[PDB]
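A single chain comes next, written as structure tokens; it is the form solved without ligand 89W.
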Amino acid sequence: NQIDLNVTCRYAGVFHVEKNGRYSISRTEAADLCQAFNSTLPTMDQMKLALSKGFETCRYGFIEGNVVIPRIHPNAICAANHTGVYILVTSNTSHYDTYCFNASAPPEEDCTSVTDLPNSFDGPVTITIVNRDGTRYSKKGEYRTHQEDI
């Protein structure tokens, strides 16, 4: 009963989280997941400022209202060579990664590890935060509030 959460650097408070390294988060689970990090789904404006500080990924994830990929450098296999906050327009499917925004993070690039999941609640799951440098933090808990997500 284990979940890996792979997390990025923060840029103006915004970071990317993937569950188990595969697209597998619903829109309801995304809000709950960010809440566990004392964070919210980013607005478009928050994501655009993050972009401007150096944030980019090659993964679709939820923000408030849309599913996006932030892109700085054109890559043909990431958002069809687009730059900017690329908005997913047409998809059949409902499960992506998520972005999260933490107001209490540093204003620009913060590439320190994440060492806590501060607002997780009591539960049976071993949740492991996995940083890109491999640093891990585990705790037993739960973050999902919606039954359809478990």
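From 1 onward, residues are counted along the sequence shown.
The same protein has a further form, the form deposited with ligand 89W bound, not shown here; the description that follows concerns it.
Asks: Given that ligand 89W is not shown alongside this chain, does residue 102 nevertheless sit within 4.5 Å of it in the deposited complex, heavy atom to heavy atom?
Replies: Yes, residue 102 lies within 4.5 Å of ligand 89W in the deposited complex.
Asks: Report yes if any heavy atom of residue 46 sits within 4.5 Å of a heavy atom of ligand 89W in the deposited complex; otherwise report no.
Replies: Flag for residue 46 set to no.
Asks: Residue 118 versus ligand 89W, in the deposited complex: is there a non-hydrogen atom within 4.5 Å?
Replies: Taking the distances in the deposited complex, the answer for residue 118 is yes, it comes within 4.5 Å of ligand 89W.
Asks: With heavy atoms only and a cut-off of 4.5 Å, decide whether residue 32 touches ligand 89W in the deposited complex.
Replies: Outside the cut-off, so no.
Asks: Looking at 94, 66, 28, 112, which is the one with a non-hydrogen atom within 4.5 Å of ligand 89W in the deposited complex?
Replies: Flagged contact: 112.
Asks: In sequence order, which positions of 10-39 have a non-hydrogen atom within 4.5 Å of ligand 89W in the deposited complex?
Replies: The stretch touches the partner through 10, 15, 37, 39.
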